[PDB]
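What follows is a short report on a single structure.
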Amino acid sequence: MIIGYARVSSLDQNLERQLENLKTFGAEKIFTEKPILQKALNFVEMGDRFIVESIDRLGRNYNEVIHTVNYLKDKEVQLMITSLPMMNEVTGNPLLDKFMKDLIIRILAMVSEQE
Amino acid sequence: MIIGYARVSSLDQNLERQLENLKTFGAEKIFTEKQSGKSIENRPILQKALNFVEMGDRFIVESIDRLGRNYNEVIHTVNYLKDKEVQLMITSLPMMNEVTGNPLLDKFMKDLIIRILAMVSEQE
Amino acid sequence: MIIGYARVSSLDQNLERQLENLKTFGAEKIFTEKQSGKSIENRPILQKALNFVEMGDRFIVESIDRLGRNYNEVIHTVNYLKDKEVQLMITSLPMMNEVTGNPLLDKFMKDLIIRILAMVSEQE
Amino acid sequence: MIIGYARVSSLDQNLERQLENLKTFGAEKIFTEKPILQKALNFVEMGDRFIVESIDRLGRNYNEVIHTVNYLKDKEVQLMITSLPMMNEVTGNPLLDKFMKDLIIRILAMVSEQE
């Protein structure tokens with residue numbers, strides 16, 4: 001199935017749009033956090049899709065973010081970013097696709113951190 | 001219309017595959033050249049191909065390396081095609097020109113891919 | 001000679017730091033602008049700065065985002081500087097223009113970095 | 001210290017240049033292979049430098065190559081490629097440096113594989 005994750009840290013953020021975004025792309029359940037992430041990650045099983053609106057939601061730590069993406073990779077859970085649909089197949093050569101996946105994810109992690 | 005460009009260094013390279021690839025992705029005409037991808041000054045067929053295409057046409061190759069093995073040249077060629085508003089397609093990269101929602105990311109992707117491949121092709 | 005360009009959206013941004021950065025990396029003159037990095041048409045100071053620099057000069061900013069928050073524009077500006085043969089430097093990227101042996105890789109690096117940062121700056 | 005690794009698979013390759021290359025940049029010892037790699041990796045300790053002439057030497061498998069680079073990272077051994085000196089600091093912002101390290105390494109791994 002399709003699992004969703006949403007985070008906002010402070011007491012003034014447009015959480016609705018986010019949750020509605022996760023809903024938009026097919027999130028049947030959504031883990032919202034203001035360990036919830038842990039729950040989210042331990043919940044997902046092989047064959048599921050794990051979705052966020054953006055990597056910054058997932059974290060703002062290069063190392064950790066990468067570690068988490070690798071965790072999902074290990075568990076064979078499809079990671080998707082609602083702001084990066086089609087991110088999987090940019091070209092049609094799965095190898096290049098994988099490489100680009102990595103790049104994008106890393107550019108984004110770095111951005112998320114540096115902010 | 002759809003123009004294709006095909007290049008091989010020798011004849012033991014499977015040129016048929018390449019031509020059939022260009023035909024499949026819609027080549028109405030194919031400019032075929034037996035030559036090194038090291039420069040364009042020694043590639044008048046490429047020149048003909050490029051001068052032939054006009055705004056609204058599609059230009060198709062099997063790989064960037066087919067187009068050349070020189071970063072600056074390849075880049076300049078890609079930009080040349082962009083300026084003339086000719087669609088560059090790479091049949092091994094079928095989903096590259098697919099508008100997938102966010103133009104910024106898309107263009108960024110293109111530039112990136114093309115440059116990586118340009119360098120790859122050159123360094124070899 | 002070394003020309004610097006400095007931009008801030010408001011005055012609560014630490015403009016002194018930026019100016020001192022440009023001064024340190026050798027700004028003889030600094031074109032200072034209070035404006036959004038969303039476009040150049042509303043940035044005549046940038047225009048003056050760009051027209052001022054000539055072949056042999058250095059153009060220095062603290063960050064690409066200072067230069068703008070528009071991919072195409074930034075890229076076009078970088079290429080503009082390249083065409084006029086003016087050295088673009090980013091003081092936060094001091095070792096970027098350092099010739100480190102392999103020109104191909106170097107140029108590839110530049111293009112890449114600059115484009116990543118262009119997009120970053122835009123998307124924000 | 002500085003450890004070197006060199007590989008050639010077949011019976012007709014310019015091994016001299018390679019070994020001399022590893023020698024050039026300061027290789028005190030060189031592991032040459034036609035498990036030797038295992039030896040090379042288990043040999044290096046914290047603080048050492050591990051050097052190859054090129055990533056393809058190190059392998060032609062995206063996954064494995066990456067895994068190995070991560071292994072060296074874990075062990076805090078500096079990886080260097082004699083054809084990519086200065087690769088560490090392209091800009092002067094260590095974060096971006098790390099990111100670029102990753103990129104380059106991956107472009108190269110992909111190239112090494114696809115050939």
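Ordered as shown in the structure tokens, chains take letters A, B, and onward, while each chain numbers its residues from 1 and ligands are numbered from 1 in the order shown.
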Least-squares superpose chain C onto chain B - every C-alpha atom, paired in order - and show me the moved coordinates as a compact mmCIF listing (two decimals) with N, CA, C and O atoms, in the first residue's frame.
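Result file is part_8.txt:
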```txt
# COMPACT_ATOMS: atom_id res chain seq x y z
N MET C 1 9.54 17.63 -38.75
CA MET C 1 9.81 16.20 -39.08
C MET C 1 10.97 15.68 -38.24
O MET C 1 11.62 16.44 -37.52
N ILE C 2 11.25 14.38 -38.34
CA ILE C 2 12.24 13.74 -37.49
C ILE C 2 13.47 13.32 -38.29
O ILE C 2 13.42 12.44 -39.14
N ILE C 3 14.59 13.98 -37.97
CA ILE C 3 15.87 13.69 -38.60
C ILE C 3 16.74 12.92 -37.63
O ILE C 3 16.80 13.25 -36.44
N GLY C 4 17.43 11.91 -38.14
CA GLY C 4 18.34 11.13 -37.33
C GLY C 4 19.77 11.22 -37.81
O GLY C 4 20.03 11.42 -38.99
N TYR C 5 20.70 11.07 -36.88
CA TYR C 5 22.11 11.10 -37.22
C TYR C 5 22.79 9.85 -36.69
O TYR C 5 22.63 9.49 -35.53
N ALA C 6 23.55 9.19 -37.56
CA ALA C 6 24.22 7.96 -37.18
C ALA C 6 25.68 8.00 -37.57
O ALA C 6 26.04 8.37 -38.69
N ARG C 7 26.53 7.61 -36.63
CA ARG C 7 27.97 7.64 -36.83
C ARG C 7 28.60 6.34 -36.36
O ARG C 7 28.23 5.82 -35.31
N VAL C 8 29.56 5.83 -37.13
CA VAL C 8 30.38 4.71 -36.66
C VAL C 8 31.83 4.93 -37.04
O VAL C 8 32.14 5.51 -38.08
N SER C 9 32.73 4.44 -36.19
CA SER C 9 34.15 4.57 -36.45
C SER C 9 34.57 3.52 -37.48
O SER C 9 35.28 3.84 -38.44
N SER C 10 34.12 2.28 -37.30
CA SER C 10 34.37 1.23 -38.28
C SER C 10 33.08 0.50 -38.63
O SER C 10 32.01 0.83 -38.13
N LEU C 11 33.19 -0.52 -39.48
CA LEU C 11 32.02 -1.23 -39.99
C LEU C 11 31.76 -2.53 -39.24
O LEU C 11 30.82 -3.26 -39.55
N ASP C 12 32.60 -2.81 -38.24
CA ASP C 12 32.38 -3.97 -37.38
C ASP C 12 31.52 -3.56 -36.19
O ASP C 12 31.10 -4.40 -35.39
N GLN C 13 31.24 -2.26 -36.09
CA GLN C 13 30.27 -1.77 -35.12
C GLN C 13 28.89 -2.02 -35.70
O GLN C 13 28.67 -1.86 -36.90
N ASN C 14 27.95 -2.41 -34.85
CA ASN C 14 26.62 -2.81 -35.32
C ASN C 14 25.82 -1.58 -35.77
O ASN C 14 24.96 -1.08 -35.04
N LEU C 15 26.11 -1.10 -36.98
CA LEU C 15 25.47 0.09 -37.51
C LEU C 15 23.97 -0.14 -37.75
O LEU C 15 23.16 0.77 -37.60
N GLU C 16 23.62 -1.37 -38.13
CA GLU C 16 22.23 -1.72 -38.40
C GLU C 16 21.39 -1.42 -37.17
O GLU C 16 20.35 -0.78 -37.28
N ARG C 17 21.83 -1.90 -36.01
CA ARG C 17 21.13 -1.63 -34.76
C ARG C 17 20.83 -0.15 -34.61
O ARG C 17 19.69 0.26 -34.38
N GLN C 18 21.87 0.66 -34.74
CA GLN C 18 21.75 2.11 -34.58
C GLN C 18 20.71 2.66 -35.56
O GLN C 18 19.78 3.36 -35.16
N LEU C 19 20.86 2.32 -36.84
CA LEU C 19 19.92 2.80 -37.85
C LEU C 19 18.50 2.36 -37.56
O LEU C 19 17.56 3.12 -37.74
N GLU C 20 18.33 1.12 -37.10
CA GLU C 20 17.00 0.60 -36.80
C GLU C 20 16.44 1.32 -35.58
O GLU C 20 15.24 1.55 -35.48
N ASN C 21 17.33 1.68 -34.65
CA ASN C 21 16.93 2.45 -33.49
C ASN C 21 16.41 3.82 -33.92
O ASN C 21 15.34 4.25 -33.49
N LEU C 22 17.17 4.49 -34.77
CA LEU C 22 16.76 5.79 -35.29
C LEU C 22 15.47 5.69 -36.11
O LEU C 22 14.58 6.54 -35.99
N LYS C 23 15.36 4.65 -36.93
CA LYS C 23 14.15 4.41 -37.70
C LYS C 23 12.96 4.22 -36.76
O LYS C 23 11.90 4.82 -36.95
N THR C 24 13.15 3.39 -35.74
CA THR C 24 12.08 3.06 -34.81
C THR C 24 11.55 4.31 -34.11
O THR C 24 10.34 4.51 -34.03
N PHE C 25 12.45 5.15 -33.61
CA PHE C 25 12.04 6.34 -32.88
C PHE C 25 11.57 7.43 -33.84
O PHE C 25 11.24 8.53 -33.42
N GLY C 26 11.56 7.10 -35.13
CA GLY C 26 10.84 7.90 -36.11
C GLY C 26 11.67 8.61 -37.15
O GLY C 26 11.17 9.53 -37.81
N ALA C 27 12.92 8.22 -37.33
CA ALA C 27 13.76 8.85 -38.34
C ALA C 27 13.13 8.72 -39.73
O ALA C 27 12.98 7.61 -40.24
N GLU C 28 12.77 9.85 -40.32
CA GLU C 28 12.33 9.86 -41.72
C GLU C 28 13.57 9.82 -42.60
O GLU C 28 13.61 9.11 -43.60
N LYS C 29 14.57 10.61 -42.22
CA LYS C 29 15.87 10.58 -42.87
C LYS C 29 16.97 10.40 -41.84
O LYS C 29 16.85 10.83 -40.69
N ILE C 30 18.06 9.76 -42.26
CA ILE C 30 19.18 9.50 -41.38
C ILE C 30 20.46 9.92 -42.07
O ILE C 30 20.76 9.45 -43.17
N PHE C 31 21.22 10.80 -41.43
CA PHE C 31 22.52 11.17 -41.95
C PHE C 31 23.55 10.23 -41.35
O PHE C 31 23.85 10.28 -40.16
N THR C 32 24.08 9.35 -42.20
CA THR C 32 24.97 8.28 -41.76
C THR C 32 26.41 8.64 -42.07
O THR C 32 26.73 9.05 -43.19
N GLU C 33 27.29 8.47 -41.08
CA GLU C 33 28.68 8.88 -41.24
C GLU C 33 29.66 7.87 -40.65
O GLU C 33 29.50 7.39 -39.52
N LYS C 34 30.68 7.55 -41.44
CA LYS C 34 31.77 6.69 -40.99
C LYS C 34 32.94 7.58 -40.63
O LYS C 34 33.68 8.03 -41.51
N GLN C 35 33.12 7.85 -39.34
CA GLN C 35 34.08 8.85 -38.92
C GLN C 35 34.28 8.83 -37.41
O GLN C 35 33.43 8.32 -36.67
N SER C 36 35.39 9.39 -36.96
CA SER C 36 35.68 9.53 -35.54
C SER C 36 34.84 10.63 -34.91
O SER C 36 34.60 11.66 -35.54
N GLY C 37 34.40 10.42 -33.67
CA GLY C 37 33.61 11.41 -32.97
C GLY C 37 34.47 12.42 -32.22
O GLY C 37 34.04 12.99 -31.21
N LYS C 38 35.67 12.65 -32.73
CA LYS C 38 36.63 13.51 -32.05
C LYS C 38 36.47 14.99 -32.41
O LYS C 38 36.93 15.86 -31.67
N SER C 39 35.81 15.29 -33.53
CA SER C 39 35.60 16.68 -33.92
C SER C 39 34.57 16.80 -35.04
O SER C 39 34.23 15.81 -35.69
N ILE C 40 34.08 18.02 -35.27
CA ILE C 40 33.05 18.24 -36.29
C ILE C 40 33.65 18.79 -37.58
O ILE C 40 33.07 18.61 -38.65
N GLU C 41 34.80 19.45 -37.49
CA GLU C 41 35.46 20.00 -38.67
C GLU C 41 35.72 18.90 -39.70
O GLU C 41 35.77 19.16 -40.90
N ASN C 42 35.91 17.68 -39.21
CA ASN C 42 36.09 16.52 -40.08
C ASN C 42 34.78 15.74 -40.21
O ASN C 42 34.78 14.57 -40.57
N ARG C 43 33.66 16.41 -39.94
CA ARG C 43 32.35 15.78 -40.04
C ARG C 43 31.38 16.69 -40.78
O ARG C 43 30.57 17.39 -40.17
N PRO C 44 31.48 16.70 -42.12
CA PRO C 44 30.59 17.52 -42.95
C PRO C 44 29.17 16.97 -43.01
O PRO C 44 28.23 17.73 -43.23
N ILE C 45 29.02 15.66 -42.82
CA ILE C 45 27.70 15.06 -42.78
C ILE C 45 26.93 15.61 -41.58
O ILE C 45 25.75 15.94 -41.70
N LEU C 46 27.59 15.71 -40.43
CA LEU C 46 26.96 16.30 -39.26
C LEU C 46 26.54 17.72 -39.59
O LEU C 46 25.42 18.14 -39.27
N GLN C 47 27.43 18.47 -40.23
CA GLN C 47 27.13 19.83 -40.65
C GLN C 47 25.88 19.86 -41.53
O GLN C 47 24.97 20.66 -41.28
N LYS C 48 25.83 19.01 -42.54
CA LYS C 48 24.64 18.93 -43.38
C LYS C 48 23.40 18.65 -42.53
O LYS C 48 22.38 19.32 -42.66
N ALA C 49 23.51 17.66 -41.65
CA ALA C 49 22.40 17.28 -40.77
C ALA C 49 21.90 18.48 -39.97
O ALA C 49 20.70 18.72 -39.88
N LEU C 50 22.84 19.22 -39.38
CA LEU C 50 22.50 20.36 -38.53
C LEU C 50 21.91 21.51 -39.34
O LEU C 50 20.98 22.17 -38.90
N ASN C 51 22.47 21.77 -40.52
CA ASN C 51 21.93 22.82 -41.35
C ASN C 51 20.56 22.42 -41.90
O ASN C 51 19.70 23.27 -42.12
N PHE C 52 20.37 21.12 -42.12
CA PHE C 52 19.09 20.64 -42.64
C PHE C 52 17.95 20.93 -41.68
O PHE C 52 16.90 21.43 -42.08
N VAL C 53 18.14 20.60 -40.40
CA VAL C 53 17.07 20.72 -39.42
C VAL C 53 16.67 22.18 -39.24
O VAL C 53 17.52 23.07 -39.23
N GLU C 54 15.37 22.40 -39.11
CA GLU C 54 14.85 23.73 -38.83
C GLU C 54 13.88 23.69 -37.67
O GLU C 54 13.36 22.63 -37.30
N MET C 55 13.66 24.86 -37.09
CA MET C 55 12.62 25.08 -36.10
C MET C 55 11.40 24.20 -36.34
O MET C 55 10.73 24.33 -37.37
N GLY C 56 11.12 23.31 -35.40
CA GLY C 56 9.99 22.40 -35.51
C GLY C 56 10.38 20.96 -35.80
O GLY C 56 9.58 20.04 -35.61
N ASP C 57 11.61 20.76 -36.26
CA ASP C 57 12.10 19.42 -36.55
C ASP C 57 12.55 18.73 -35.26
O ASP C 57 12.67 19.37 -34.22
N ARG C 58 12.78 17.43 -35.35
CA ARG C 58 13.41 16.69 -34.27
C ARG C 58 14.73 16.10 -34.75
O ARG C 58 14.82 15.58 -35.87
N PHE C 59 15.75 16.20 -33.91
CA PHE C 59 17.06 15.65 -34.21
C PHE C 59 17.33 14.48 -33.27
O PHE C 59 17.28 14.65 -32.05
N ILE C 60 17.62 13.31 -33.82
CA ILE C 60 17.69 12.11 -32.99
C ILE C 60 18.99 11.35 -33.21
O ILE C 60 19.40 11.12 -34.34
N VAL C 61 19.62 10.98 -32.10
CA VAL C 61 20.83 10.17 -32.12
C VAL C 61 20.62 9.01 -31.15
O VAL C 61 19.71 9.06 -30.32
N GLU C 62 21.43 7.97 -31.25
CA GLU C 62 21.28 6.84 -30.34
C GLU C 62 21.95 7.18 -29.00
O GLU C 62 21.48 6.78 -27.94
N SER C 63 23.05 7.92 -29.08
CA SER C 63 23.80 8.32 -27.89
C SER C 63 24.53 9.63 -28.14
O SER C 63 24.85 9.96 -29.28
N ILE C 64 24.81 10.37 -27.07
CA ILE C 64 25.56 11.62 -27.19
C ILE C 64 26.91 11.35 -27.83
O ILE C 64 27.40 12.16 -28.61
N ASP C 65 27.51 10.21 -27.48
CA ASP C 65 28.83 9.88 -28.00
C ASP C 65 28.78 9.78 -29.52
O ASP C 65 29.76 10.10 -30.20
N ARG C 66 27.65 9.33 -30.05
CA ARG C 66 27.45 9.33 -31.50
C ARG C 66 27.63 10.75 -32.01
O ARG C 66 28.24 10.99 -33.05
N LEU C 67 27.09 11.70 -31.25
CA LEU C 67 27.16 13.10 -31.63
C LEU C 67 28.58 13.62 -31.56
O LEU C 67 28.96 14.52 -32.31
N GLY C 68 29.38 13.05 -30.67
CA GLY C 68 30.78 13.43 -30.57
C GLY C 68 31.45 13.00 -29.28
O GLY C 68 30.80 12.52 -28.35
N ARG C 69 32.76 13.18 -29.23
CA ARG C 69 33.56 12.84 -28.06
C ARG C 69 34.35 14.07 -27.64
O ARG C 69 35.54 14.00 -27.35
N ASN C 70 33.67 15.21 -27.64
CA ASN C 70 34.28 16.48 -27.28
C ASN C 70 33.28 17.35 -26.51
O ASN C 70 32.32 17.85 -27.08
N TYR C 71 33.53 17.52 -25.21
CA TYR C 71 32.64 18.26 -24.32
C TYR C 71 32.16 19.58 -24.93
O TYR C 71 30.98 19.74 -25.25
N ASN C 72 33.08 20.53 -25.11
CA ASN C 72 32.74 21.84 -25.65
C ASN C 72 31.92 21.73 -26.94
O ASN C 72 30.87 22.37 -27.06
N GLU C 73 32.40 20.94 -27.89
CA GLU C 73 31.71 20.76 -29.16
C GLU C 73 30.28 20.25 -28.97
O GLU C 73 29.33 20.82 -29.50
N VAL C 74 30.14 19.17 -28.21
CA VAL C 74 28.84 18.57 -27.99
C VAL C 74 27.90 19.60 -27.38
O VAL C 74 26.79 19.82 -27.87
N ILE C 75 28.37 20.25 -26.31
CA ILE C 75 27.59 21.28 -25.64
C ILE C 75 27.17 22.35 -26.64
O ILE C 75 25.99 22.72 -26.73
N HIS C 76 28.14 22.85 -27.41
CA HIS C 76 27.87 23.89 -28.39
C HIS C 76 26.83 23.40 -29.40
O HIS C 76 25.99 24.18 -29.85
N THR C 77 26.89 22.12 -29.75
CA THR C 77 25.93 21.55 -30.69
C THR C 77 24.53 21.50 -30.07
O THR C 77 23.54 21.88 -30.72
N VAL C 78 24.45 21.06 -28.82
CA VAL C 78 23.17 20.98 -28.13
C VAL C 78 22.55 22.37 -28.04
O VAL C 78 21.35 22.55 -28.29
N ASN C 79 23.37 23.35 -27.68
CA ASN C 79 22.91 24.73 -27.59
C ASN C 79 22.53 25.25 -28.97
O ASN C 79 21.56 25.99 -29.12
N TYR C 80 23.30 24.87 -29.99
CA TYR C 80 22.95 25.20 -31.37
C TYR C 80 21.54 24.72 -31.66
O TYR C 80 20.71 25.48 -32.16
N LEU C 81 21.26 23.46 -31.36
CA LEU C 81 19.93 22.91 -31.62
C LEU C 81 18.87 23.65 -30.83
O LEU C 81 17.81 23.97 -31.37
N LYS C 82 19.14 23.92 -29.56
CA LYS C 82 18.20 24.70 -28.75
C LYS C 82 17.90 26.06 -29.38
O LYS C 82 16.74 26.46 -29.48
N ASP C 83 18.94 26.78 -29.79
CA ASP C 83 18.77 28.08 -30.43
C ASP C 83 17.86 28.00 -31.66
O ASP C 83 16.99 28.85 -31.84
N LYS C 84 18.06 26.99 -32.50
CA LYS C 84 17.26 26.83 -33.71
C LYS C 84 15.89 26.24 -33.38
O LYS C 84 15.06 26.02 -34.26
N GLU C 85 15.67 25.97 -32.09
CA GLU C 85 14.42 25.37 -31.64
C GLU C 85 14.18 24.04 -32.33
O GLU C 85 13.11 23.80 -32.89
N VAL C 86 15.19 23.17 -32.29
CA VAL C 86 15.07 21.81 -32.80
C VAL C 86 15.17 20.86 -31.62
O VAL C 86 16.08 20.97 -30.80
N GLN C 87 14.23 19.92 -31.55
CA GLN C 87 14.20 18.96 -30.47
C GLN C 87 15.30 17.91 -30.61
O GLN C 87 15.30 17.12 -31.55
N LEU C 88 16.25 17.92 -29.68
CA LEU C 88 17.26 16.88 -29.61
C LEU C 88 16.71 15.70 -28.82
O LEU C 88 16.29 15.86 -27.67
N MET C 89 16.72 14.52 -29.42
CA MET C 89 16.36 13.31 -28.70
C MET C 89 17.46 12.28 -28.75
O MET C 89 18.18 12.16 -29.74
N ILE C 90 17.58 11.53 -27.67
CA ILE C 90 18.53 10.45 -27.59
C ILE C 90 17.72 9.18 -27.32
O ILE C 90 17.14 9.02 -26.25
N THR C 91 17.69 8.29 -28.31
CA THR C 91 16.78 7.15 -28.27
C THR C 91 17.09 6.21 -27.11
O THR C 91 16.21 5.47 -26.66
N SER C 92 18.32 6.25 -26.61
CA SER C 92 18.66 5.47 -25.43
C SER C 92 18.20 6.18 -24.16
O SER C 92 18.20 5.60 -23.08
N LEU C 93 17.80 7.44 -24.31
CA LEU C 93 17.24 8.22 -23.22
C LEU C 93 15.85 8.69 -23.63
O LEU C 93 15.61 9.89 -23.76
N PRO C 94 14.92 7.75 -23.84
CA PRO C 94 13.59 8.05 -24.36
C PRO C 94 12.72 8.98 -23.51
O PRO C 94 11.92 9.72 -24.07
N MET C 95 12.88 8.94 -22.19
CA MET C 95 12.00 9.70 -21.30
C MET C 95 12.64 11.00 -20.81
O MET C 95 12.17 11.60 -19.85
N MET C 96 13.70 11.44 -21.49
CA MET C 96 14.45 12.61 -21.04
C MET C 96 13.73 13.92 -21.36
O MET C 96 13.78 14.87 -20.58
N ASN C 97 13.07 13.97 -22.51
CA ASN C 97 12.37 15.17 -22.94
C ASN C 97 10.92 15.18 -22.49
O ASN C 97 10.11 15.96 -22.99
N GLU C 98 10.59 14.33 -21.53
CA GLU C 98 9.22 14.20 -21.07
C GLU C 98 8.93 15.23 -19.99
O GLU C 98 9.51 15.20 -18.90
N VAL C 99 8.02 16.15 -20.30
CA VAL C 99 7.65 17.21 -19.38
C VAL C 99 6.96 16.56 -18.18
O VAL C 99 5.84 16.06 -18.30
N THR C 100 7.63 16.58 -17.03
CA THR C 100 7.12 15.88 -15.85
C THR C 100 6.81 16.83 -14.70
O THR C 100 7.14 16.55 -13.55
N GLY C 101 6.18 17.96 -15.02
CA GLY C 101 5.61 18.82 -14.00
C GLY C 101 6.37 20.08 -13.63
O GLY C 101 5.81 21.18 -13.65
N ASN C 102 7.65 19.93 -13.28
CA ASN C 102 8.44 21.04 -12.77
C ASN C 102 9.55 21.46 -13.74
O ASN C 102 10.65 20.89 -13.69
N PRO C 103 9.28 22.44 -14.61
CA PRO C 103 10.24 22.87 -15.65
C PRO C 103 11.66 23.11 -15.15
O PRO C 103 12.62 22.71 -15.83
N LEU C 104 11.80 23.75 -13.99
CA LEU C 104 13.11 24.04 -13.43
C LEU C 104 13.93 22.77 -13.30
O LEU C 104 15.01 22.63 -13.88
N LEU C 105 13.38 21.82 -12.54
CA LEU C 105 14.06 20.55 -12.33
C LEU C 105 14.35 19.90 -13.67
O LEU C 105 15.47 19.48 -13.91
N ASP C 106 13.35 19.86 -14.55
CA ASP C 106 13.50 19.26 -15.87
C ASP C 106 14.74 19.79 -16.61
O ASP C 106 15.64 19.02 -16.97
N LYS C 107 14.77 21.10 -16.83
CA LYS C 107 15.90 21.72 -17.52
C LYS C 107 17.21 21.41 -16.80
O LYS C 107 18.21 21.04 -17.43
N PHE C 108 17.20 21.54 -15.48
CA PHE C 108 18.37 21.20 -14.68
C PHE C 108 18.84 19.78 -15.01
O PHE C 108 20.02 19.54 -15.27
N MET C 109 17.89 18.84 -15.02
CA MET C 109 18.16 17.45 -15.36
C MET C 109 18.87 17.40 -16.70
O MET C 109 19.99 16.91 -16.80
N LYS C 110 18.19 17.91 -17.73
CA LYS C 110 18.75 17.90 -19.09
C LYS C 110 20.19 18.35 -19.09
O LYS C 110 21.09 17.61 -19.50
N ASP C 111 20.41 19.58 -18.63
CA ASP C 111 21.75 20.16 -18.62
C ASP C 111 22.71 19.18 -17.99
O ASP C 111 23.74 18.81 -18.58
N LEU C 112 22.37 18.73 -16.79
CA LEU C 112 23.20 17.80 -16.06
C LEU C 112 23.54 16.54 -16.87
O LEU C 112 24.71 16.27 -17.14
N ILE C 113 22.51 15.78 -17.24
CA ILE C 113 22.69 14.53 -17.97
C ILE C 113 23.61 14.78 -19.14
O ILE C 113 24.66 14.15 -19.29
N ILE C 114 23.20 15.72 -19.99
CA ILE C 114 23.91 16.00 -21.22
C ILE C 114 25.37 16.29 -20.94
O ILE C 114 26.25 15.79 -21.64
N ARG C 115 25.65 17.09 -19.92
CA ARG C 115 27.03 17.41 -19.60
C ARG C 115 27.82 16.20 -19.09
O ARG C 115 28.95 15.96 -19.53
N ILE C 116 27.23 15.43 -18.17
CA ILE C 116 27.87 14.20 -17.70
C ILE C 116 28.25 13.34 -18.90
O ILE C 116 29.40 12.91 -19.03
N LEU C 117 27.28 13.09 -19.77
CA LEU C 117 27.50 12.23 -20.93
C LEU C 117 28.51 12.83 -21.91
O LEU C 117 29.28 12.11 -22.52
N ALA C 118 28.47 14.15 -22.07
CA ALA C 118 29.45 14.83 -22.91
C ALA C 118 30.85 14.52 -22.41
O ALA C 118 31.71 14.05 -23.16
N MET C 119 31.07 14.78 -21.13
CA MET C 119 32.37 14.49 -20.54
C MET C 119 32.73 13.01 -20.67
O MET C 119 33.83 12.68 -21.11
N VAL C 120 31.83 12.11 -20.27
CA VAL C 120 32.06 10.67 -20.41
C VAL C 120 32.56 10.37 -21.81
O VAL C 120 33.63 9.79 -22.00
N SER C 121 31.76 10.76 -22.80
CA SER C 121 32.08 10.49 -24.19
C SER C 121 33.45 11.03 -24.56
O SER C 121 34.22 10.36 -25.24
N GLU C 122 33.76 12.25 -24.11
CA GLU C 122 35.07 12.82 -24.37
C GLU C 122 36.19 11.98 -23.76
O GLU C 122 37.10 11.54 -24.46
N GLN C 123 36.13 11.77 -22.45
CA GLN C 123 37.23 11.15 -21.72
C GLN C 123 37.58 9.78 -22.29
O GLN C 123 38.69 9.28 -22.08
N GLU C 124 36.65 9.17 -23.01
CA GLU C 124 36.91 7.88 -23.65
C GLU C 124 37.48 8.08 -25.05
O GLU C 124 37.52 9.20 -25.57
```
Checklist entry - Taking only C-alpha atoms into account, which residues of chain A are within 9 Å of chain D, as a count of residues only? => result 9
Item to check | Per-residue DSSP, region 26-107 of chain D, filtered to strand (DSSP E or B), as a PyMOL selection string | outcome: chain D and resi 29-33+49-52+78-81+84
Keeping only N, CA and C atoms, write those residues as a compact mmCIF listing (two decimals), in the first residue's frame.
```txt
# COMPACT_ATOMS: atom_id res chain seq x y z
N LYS D 29 53.84 1.09 -0.01
CA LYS D 29 53.56 -0.29 -0.41
C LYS D 29 52.43 -0.31 -1.44
N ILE D 30 52.49 -1.28 -2.35
CA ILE D 30 51.49 -1.42 -3.40
C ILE D 30 51.00 -2.86 -3.49
N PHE D 31 49.69 -3.04 -3.36
CA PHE D 31 49.07 -4.34 -3.57
C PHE D 31 48.66 -4.49 -5.04
N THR D 32 49.33 -5.39 -5.75
CA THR D 32 49.06 -5.61 -7.16
C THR D 32 48.26 -6.89 -7.35
N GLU D 33 47.23 -6.83 -8.19
CA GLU D 33 46.37 -7.98 -8.44
C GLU D 33 46.13 -8.19 -9.93
N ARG D 49 46.28 6.76 3.93
CA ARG D 49 45.68 7.11 2.65
C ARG D 49 45.66 5.88 1.75
N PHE D 50 44.51 5.64 1.13
CA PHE D 50 44.36 4.54 0.18
C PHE D 50 44.20 5.13 -1.21
N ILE D 51 45.05 4.70 -2.14
CA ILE D 51 45.12 5.35 -3.44
C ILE D 51 45.03 4.36 -4.60
N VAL D 52 44.31 4.76 -5.64
CA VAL D 52 44.28 4.02 -6.89
C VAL D 52 44.51 5.00 -8.03
N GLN D 78 41.57 7.86 4.12
CA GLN D 78 41.43 8.78 3.00
C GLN D 78 41.58 8.06 1.67
N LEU D 79 40.53 8.08 0.86
CA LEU D 79 40.60 7.55 -0.49
C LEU D 79 41.08 8.64 -1.43
N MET D 80 42.03 8.29 -2.29
CA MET D 80 42.51 9.21 -3.30
C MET D 80 42.67 8.52 -4.65
N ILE D 81 42.41 9.28 -5.71
CA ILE D 81 42.57 8.79 -7.07
C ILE D 81 43.62 9.67 -7.75
N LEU D 84 42.55 11.98 -10.00
CA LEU D 84 41.70 13.02 -9.41
C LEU D 84 42.30 13.60 -8.13
```
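CA of residue 2 (chain A) sits 16.5 Å away from CA of residue 38 (chain A).
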Checklist entry - Any idea which chain D residues end up within 6 Å of chain C if we count only C-alpha atoms, as a ChimeraX atom specification please? => result /D:90-92
Item to check | Near-residue 27 (chain D) list (7 Å; only C-alpha atoms; drop same-chain fewer than 5 positions) as a PyMOL selection string | outcome: chain D and resi 2-4+22
Checklist entry - Can you list, as a PyMOL selection string, every residue of region 5-57 of chain C that DSSP puts in alpha helix (DSSP H)? => result chain C and resi 15-24+44-52
Checklist entry - How many Å separate CA of residue 72 (chain A) from CA of residue 88 (chain A)? => result 14.7 Å
